[PDB]
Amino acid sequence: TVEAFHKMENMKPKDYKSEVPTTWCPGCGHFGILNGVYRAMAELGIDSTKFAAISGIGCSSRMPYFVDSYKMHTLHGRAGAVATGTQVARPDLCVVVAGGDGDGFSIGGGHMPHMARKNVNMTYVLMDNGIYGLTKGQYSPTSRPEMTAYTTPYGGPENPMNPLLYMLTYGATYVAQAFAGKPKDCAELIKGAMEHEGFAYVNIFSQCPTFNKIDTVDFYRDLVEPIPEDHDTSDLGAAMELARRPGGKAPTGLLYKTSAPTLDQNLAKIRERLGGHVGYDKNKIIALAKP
């Protein structure tokens, strides 16, 4: 049970801004996601002393610097695996990972299935700009094949992957998508992801104007399509149909939400069935080794 929520009264988004100046390019989509993060934290009345933001490497991954909380800046692709250890060690914390499409699904792609499958109680905000921004413009697993980039000057020789479909297939128990140009949409879906008990994933399109010249704001605005209100967010099959983009349109809103035991809850059940506690008489364990 996360103890960071509803501990502060009359909070405003600016109360969660750190003193660190934001160094992203002008027009970078990551600004809209940062604004959504601020709004979510204020709407939850969060005491950020109980909030742990963990990121790897990338332009996206610099976002915790701009948020007033505890944070760890770790290695490229490892934020989610690190966050699993933080979360399991301290289930009272609100644990959030932020990172980009390369950090998450290239080098970090092997850790993604197990976080979701084990239903770790954390939030993963993936800022999808269809490129590697921080390393100055190589293509990513979400890049379109017609894009040319610095290691693919002749186009991408493969198709992109589907992050929402991956996460649904992996078993994420809260799956949503938004566009950074709608920061209030980001805030609502990020807020719901934090309160959700289980692995909550929010894929947010974010423009990189400096290096990605085809996945522009106008492209993302035209690409998205809000999810109809009659969609059943407990229907996994319907969520996967949405993730596959009917008519070629990317869904925005909440695709899927279900209640299932979390990893820390299952680990606690193990300790409970043993009567485990910190004061346990370790002589009982030692005695098992007597000849």
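A residue's number is simply how far along the shown sequence it sits, counting from 1.
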(Q) Comparing average C-alpha B factors as deposited, tell me which of 153-161 and 73-81 sits higher. (A) 153-161
Q) For the stretches 102-110 and 180-188, which has the higher mean C-alpha B-factor as given in the deposited record? A) 180-188
Q. Can you tell me which of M167, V217, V97, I131 has the highest Cα temperature factor in the record?
A. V217
Q. What third of its chain's C-alpha B-factors does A4 belong to: lowest, middle or highest?
A. highest
Q: Just say lowest, middle or highest third for the CA B-factor of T252 relative to the other modelled residues in its chain.
A: highest
Q.
Based on the deposited C-alpha B factors for this chain, I'd like to know if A53 is in the lowest, middle or highest third.
A. lowest
Q | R144 - which third its CA temperature factor falls in, relative to the rest of the chain | A | middle
Q | Within-chain third of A239 by Cα B-factor, per the entry | A | highest
